[PDB]
file work_24.pdb (PDB, C-alpha atoms)
ATOM      1  CA  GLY A   1     -13.471  -1.684 -17.079
ATOM      2  CA  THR A   2     -10.504   0.659 -17.298
ATOM      3  CA  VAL A   3      -7.272  -1.176 -18.124
ATOM      4  CA  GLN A   4      -3.876   0.468 -18.573
ATOM      5  CA  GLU A   5      -0.717  -1.535 -19.223
ATOM      6  CA  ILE A   6       2.785  -1.041 -17.860
ATOM      7  CA  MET A   7       5.787  -3.182 -18.764
ATOM      8  CA  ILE A   8       7.780  -5.025 -16.120
ATOM      9  CA  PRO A   9      11.376  -5.820 -17.157
ATOM     10  CA  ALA A  10      13.256  -8.754 -15.647
ATOM     11  CA  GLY A  11      14.929  -7.394 -12.563
ATOM     12  CA  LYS A  12      11.750  -5.632 -11.480
ATOM     13  CA  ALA A  13       9.941  -8.887 -10.751
ATOM     14  CA  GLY A  14      10.507  -8.582  -7.031
ATOM     15  CA  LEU A  15       8.971  -5.139  -7.268
ATOM     16  CA  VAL A  16       5.861  -5.621  -9.363
ATOM     17  CA  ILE A  17       4.962  -9.290  -8.899
ATOM     18  CA  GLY A  18       6.928  -9.774  -5.704
ATOM     19  CA  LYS A  19       8.984 -12.673  -7.068
ATOM     20  CA  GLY A  20       5.811 -14.740  -7.335
ATOM     21  CA  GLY A  21       2.794 -12.736  -6.227
ATOM     22  CA  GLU A  22       3.691 -10.966  -2.961
ATOM     23  CA  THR A  23       3.255  -7.550  -4.554
ATOM     24  CA  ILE A  24       0.285  -8.472  -6.753
ATOM     25  CA  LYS A  25      -1.566  -9.382  -3.545
ATOM     26  CA  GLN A  26      -1.379  -5.834  -2.329
ATOM     27  CA  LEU A  27      -1.888  -4.483  -5.819
ATOM     28  CA  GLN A  28      -5.201  -6.321  -5.648
ATOM     29  CA  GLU A  29      -6.001  -5.580  -1.980
ATOM     30  CA  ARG A  30      -4.196  -2.314  -1.166
ATOM     31  CA  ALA A  31      -4.987  -0.793  -4.559
ATOM     32  CA  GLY A  32      -8.359  -2.504  -4.807
ATOM     33  CA  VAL A  33      -7.894  -3.399  -8.456
ATOM     34  CA  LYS A  34      -7.288  -6.639 -10.299
ATOM     35  CA  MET A  35      -3.905  -6.546 -11.938
ATOM     36  CA  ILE A  36      -3.426  -9.343 -14.385
ATOM     37  CA  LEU A  37       0.047  -9.591 -15.804
ATOM     38  CA  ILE A  38       1.699 -12.434 -17.684
ATOM     39  CA  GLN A  39       3.400 -14.477 -15.006
ATOM     40  CA  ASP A  40       3.170 -17.550 -17.198
ATOM     41  CA  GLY A  41       6.481 -19.377 -17.238
ATOM     42  CA  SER A  42       5.793 -20.877 -20.656
ATOM     43  CA  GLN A  43       5.849 -17.547 -22.508
ATOM     44  CA  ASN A  44       6.960 -14.407 -20.653
ATOM     45  CA  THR A  45       8.951 -15.938 -17.830
ATOM     46  CA  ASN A  46      12.267 -14.126 -18.309
ATOM     47  CA  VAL A  47      10.916 -11.565 -20.774
ATOM     48  CA  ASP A  48       9.192  -8.283 -19.842
ATOM     49  CA  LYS A  49       5.626  -8.644 -18.597
ATOM     50  CA  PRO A  50       2.614  -6.410 -19.349
ATOM     51  CA  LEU A  51       0.700  -5.353 -16.233
ATOM     52  CA  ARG A  52      -3.016  -5.065 -16.975
ATOM     53  CA  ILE A  53      -4.566  -2.980 -14.210
ATOM     54  CA  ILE A  54      -8.296  -3.716 -14.098
ATOM     55  CA  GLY A  55     -10.470  -1.367 -12.077
ATOM     56  CA  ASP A  56     -12.332   1.931 -11.894
ATOM     57  CA  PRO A  57     -10.774   4.910 -13.761
ATOM     58  CA  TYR A  58      -9.426   6.786 -10.722
ATOM     59  CA  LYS A  59      -8.169   3.488  -9.322
ATOM     60  CA  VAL A  60      -6.137   2.622 -12.402
ATOM     61  CA  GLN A  61      -4.972   6.245 -12.363
ATOM     62  CA  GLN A  62      -3.514   6.064  -8.866
ATOM     63  CA  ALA A  63      -2.277   2.520  -9.474
ATOM     64  CA  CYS A  64      -0.530   3.373 -12.756
ATOM     65  CA  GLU A  65       1.250   6.101 -10.817
ATOM     66  CA  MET A  66       2.410   3.801  -8.027
ATOM     67  CA  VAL A  67       3.316   1.002 -10.435
ATOM     68  CA  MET A  68       5.669   3.377 -12.248
ATOM     69  CA  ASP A  69       7.215   4.397  -8.934
ATOM     70  CA  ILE A  70       7.835   1.139  -7.064
ATOM     71  CA  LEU A  71       8.963  -0.468 -10.334
ATOM     72  CA  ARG A  72      11.711   2.196 -10.580
ATOM     73  CA  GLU A  73      13.582   0.067  -8.078
ATOM     74  CA  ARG A  74      15.630   2.189  -5.674
ATOM     75  CA  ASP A  75      16.793  -0.749  -3.582
ATOM     76  CA  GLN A  76      15.198  -3.692  -5.432
ATOM     77  CA  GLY A  77      12.534  -3.558  -2.746
ATOM     78  CA  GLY A  78      10.002  -1.212  -4.297
ATOM     79  CA  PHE A  79       8.323  -0.728  -0.905
ATOM     80  CA  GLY A  80       5.934  -3.584  -1.635
ATOM     81  CA  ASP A  81       2.864  -2.705  -3.707
ATOM     82  CA  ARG A  82       3.544   0.953  -2.951
ATOM     83  CA  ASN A  83       2.455   1.508   0.664
ATOM     84  CA  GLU A  84       0.746   4.890   0.383
ATOM     85  CA  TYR A  85      -2.738   4.821  -1.190
ATOM     86  CA  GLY A  86      -3.497   2.563  -4.108
ATOM     87  CA  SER A  87      -6.640   4.115  -5.615
ATOM     88  CA  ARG A  88      -8.017   4.965  -2.152
ATOM     89  CA  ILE A  89      -6.535   8.136  -0.670
ATOM     90  CA  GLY A  90      -4.148   9.791  -3.107
ATOM     91  CA  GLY A  91      -2.021  11.676  -0.606
ATOM     92  CA  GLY A  92      -0.450  10.030   2.397
ATOM     93  CA  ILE A  93       0.564   6.470   3.242
ATOM     94  CA  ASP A  94      -1.616   3.395   3.816
ATOM     95  CA  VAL A  95      -1.178   1.520   7.102
ATOM     96  CA  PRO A  96      -2.077  -2.147   7.758
ATOM     97  CA  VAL A  97      -2.424  -2.260  11.546
ATOM     98  CA  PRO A  98      -2.946  -5.567  13.453
ATOM     99  CA  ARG A  99      -6.454  -6.166  14.805
ATOM    100  CA  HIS A 100      -5.212  -6.373  18.410
ATOM    101  CA  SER A 101      -3.608  -2.960  18.046
ATOM    102  CA  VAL A 102      -6.071  -0.876  15.995
ATOM    103  CA  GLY A 103      -8.398  -0.305  18.957
ATOM    104  CA  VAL A 104      -5.444   0.826  21.039
ATOM    105  CA  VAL A 105      -4.395   3.206  18.261
ATOM    106  CA  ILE A 106      -7.804   4.828  18.588
ATOM    107  CA  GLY A 107      -8.168   4.753  22.350
ATOM    108  CA  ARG A 108     -11.545   5.291  23.986
ATOM    109  CA  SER A 109     -12.827   8.344  22.140
ATOM    110  CA  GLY A 110      -9.645   8.856  20.157
ATOM    111  CA  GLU A 111      -7.178  10.386  22.636
ATOM    112  CA  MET A 112      -4.284   8.587  20.986
ATOM    113  CA  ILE A 113      -5.161   8.796  17.300
ATOM    114  CA  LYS A 114      -6.157  12.461  17.601
ATOM    115  CA  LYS A 115      -2.713  13.265  19.007
ATOM    116  CA  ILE A 116      -1.107  11.519  16.023
ATOM    117  CA  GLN A 117      -2.815  14.107  13.845
ATOM    118  CA  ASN A 118      -1.727  16.738  16.364
ATOM    119  CA  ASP A 119       1.895  15.587  16.458
ATOM    120  CA  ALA A 120       2.599  14.669  12.845
ATOM    121  CA  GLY A 121       0.030  16.996  11.314
ATOM    122  CA  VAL A 122      -1.846  14.232   9.543
ATOM    123  CA  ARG A 123      -5.318  12.873   8.855
ATOM    124  CA  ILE A 124      -6.606   9.338   9.351
ATOM    125  CA  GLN A 125      -8.744   7.397   6.899
ATOM    126  CA  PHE A 126     -10.046   3.947   7.670
ATOM    127  CA  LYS A 127     -10.422   2.601   4.172
ATOM    128  CA  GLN A 128     -11.687  -0.746   2.923
ATOM    129  CA  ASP A 129      -8.964  -2.871   4.504
ATOM    130  CA  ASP A 130      -7.032  -5.456   2.552
ATOM    131  CA  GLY A 131      -9.399  -8.393   2.727
ATOM    132  CA  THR A 132      -7.329 -10.881   4.660
ATOM    133  CA  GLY A 133      -8.619 -10.511   8.210
ATOM    134  CA  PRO A 134      -5.700  -9.730  10.605
ATOM    135  CA  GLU A 135      -4.512  -6.258   9.587
ATOM    136  CA  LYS A 136      -6.647  -3.223   8.859
ATOM    137  CA  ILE A 137      -5.384  -0.335   6.732
ATOM    138  CA  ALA A 138      -5.651   2.978   8.564
ATOM    139  CA  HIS A 139      -4.585   5.528   5.966
ATOM    140  CA  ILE A 140      -2.352   8.385   7.052
ATOM    141  CA  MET A 141      -3.091  11.507   5.004
ATOM    142  CA  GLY A 142      -0.669  14.406   4.679
ATOM    143  CA  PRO A 143       2.824  15.332   3.394
ATOM    144  CA  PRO A 144       4.976  12.257   2.501
ATOM    145  CA  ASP A 145       7.550  12.831   5.253
ATOM    146  CA  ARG A 146       4.886  13.346   7.922
ATOM    147  CA  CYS A 147       2.992  10.360   6.548
ATOM    148  CA  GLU A 148       5.821   7.957   7.282
ATOM    149  CA  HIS A 149       6.554   9.851  10.514
ATOM    150  CA  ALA A 150       3.053   8.879  11.654
ATOM    151  CA  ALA A 151       3.521   5.220  10.726
ATOM    152  CA  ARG A 152       6.655   5.109  12.862
ATOM    153  CA  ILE A 153       4.584   6.077  15.881
ATOM    154  CA  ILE A 154       1.904   3.487  15.126
ATOM    155  CA  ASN A 155       4.525   0.803  14.449
ATOM    156  CA  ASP A 156       6.073   1.553  17.830
ATOM    157  CA  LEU A 157       2.661   1.165  19.447
ATOM    158  CA  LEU A 158       2.461  -2.279  17.843
ATOM    159  CA  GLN A 159       5.768  -3.163  19.481
ATOM    160  CA  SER A 160       4.562  -1.744  22.800
ATOM    161  CA  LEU A 161       1.542  -4.047  22.610
ATOM    162  CA  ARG A 162       3.914  -6.870  21.682
ATOM    163  CA  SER A 163       5.617  -6.198  24.997
ATOM    164  CA  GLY A 164       3.285  -7.782  27.528
TER     165      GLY A 164
END

call {"tool": "encode", "arguments": {"input": "work_24.pdb", "output": "structure tokens"}}
result
Amino acid sequence: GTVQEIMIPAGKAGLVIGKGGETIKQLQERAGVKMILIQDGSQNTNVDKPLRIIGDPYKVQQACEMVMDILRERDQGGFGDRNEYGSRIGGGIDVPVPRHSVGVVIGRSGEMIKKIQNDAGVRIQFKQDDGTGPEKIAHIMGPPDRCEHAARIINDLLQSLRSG
């Protein structure tokens, strides 16, 4: 398959690997590609690590883009994977929403989720969710600022549902 390599310097470990694998999870799930990078402590433990993104061409394309961004390290957080698309919908943020909340986000016919698109000026894409079970990625398509603006509404809904 298509494999492009990016180099992860020490100090970006919490970004790309997630200090163990936290990020690589989402790089596999959220991006939908298998990223195999030397996390072997016998060779490249402290030294820079080559990220081998394995996947379909357009996937590695979008992933290579995000890898270069979250690895920049603005706050040694790197978002976590990327939180936006990852091969799927290049344009807008990706949104893992809890299974007890996703149906409420929609509504009955979509009263709620249609007003999200009305309020923030966004589009929704239910993409192949990160295969874990609990959360389901509802992608928010649109301009970056409005993307996050939409996730702040959804996240508040989650907290509303947390308030019995």

call {"tool": "residues_around", "arguments": {"input": "work_24.pdb", "residues": "residue A:14", "least_positions_apart": "3", "cutoff": "9 Å", "atoms": "only C-alpha atoms", "output": "PyMOL selection string"}}
result
chain A and resi 11+17-23+71+76-78+80

call {"tool": "write_last_selection", "arguments": {"input": "work_24.pdb", "atoms": "C-alpha atoms", "output": "short mmCIF file (atom, residue, chain, number, x, y, z; two decimals), in the coordinates of the input"}}
result
data_model
loop_
_atom_site.label_atom_id
_atom_site.label_comp_id
_atom_site.auth_asym_id
_atom_site.auth_seq_id
_atom_site.Cartn_x
_atom_site.Cartn_y
_atom_site.Cartn_z
CA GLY A 11 14.93 -7.39 -12.56
CA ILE A 17 4.96 -9.29 -8.90
CA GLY A 18 6.93 -9.77 -5.70
CA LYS A 19 8.98 -12.67 -7.07
CA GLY A 20 5.81 -14.74 -7.34
CA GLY A 21 2.79 -12.74 -6.23
CA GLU A 22 3.69 -10.97 -2.96
CA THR A 23 3.26 -7.55 -4.55
CA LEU A 71 8.96 -0.47 -10.33
CA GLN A 76 15.20 -3.69 -5.43
CA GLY A 77 12.53 -3.56 -2.75
CA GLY A 78 10.00 -1.21 -4.30
CA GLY A 80 5.93 -3.58 -1.64
#

call {"tool": "resolve_selection", "arguments": {"input": "work_24.pdb", "expression": "the PyMOL selection byres ((chain A and resi 121-135) around 12)", "output": "count of residues only"}}
result
60

call {"tool": "residues_around", "arguments": {"input": "work_24.pdb", "residues": "residue A:55", "least_positions_apart": "5", "cutoff": "7 Å", "atoms": "only C-alpha atoms", "output": "list in words"}}
result
residues 1, 2, 3, 33, 34 and 60 of chain A

call {"tool": "closest_residue", "arguments": {"input": "work_24.pdb", "among": "A:109, A:15, A:163, A:9", "to": "residue A:75", "atoms": "only C-alpha atoms"}}
result
A:15

call {"tool": "atom_distance", "arguments": {"input": "work_24.pdb", "atom1": "atom CA of residue A:81", "atom2": "atom CA of residue A:153"}}
result
21.5 Å

call {"tool": "closest_residue", "arguments": {"input": "work_24.pdb", "among": "A:4, A:159, A:39, A:44", "to": "residue A:56", "atoms": "all atoms listed in the file"}}
result
A:4

call {"tool": "atom_distance", "arguments": {"input": "work_24.pdb", "atom1": "atom CA of residue A:69", "atom2": "atom CA of residue A:57"}}
result
18.6 Å

call {"tool": "atom_distance", "arguments": {"input": "work_24.pdb", "atom1": "atom CA of residue A:62", "atom2": "atom CA of residue A:10"}}
result
23.4 Å
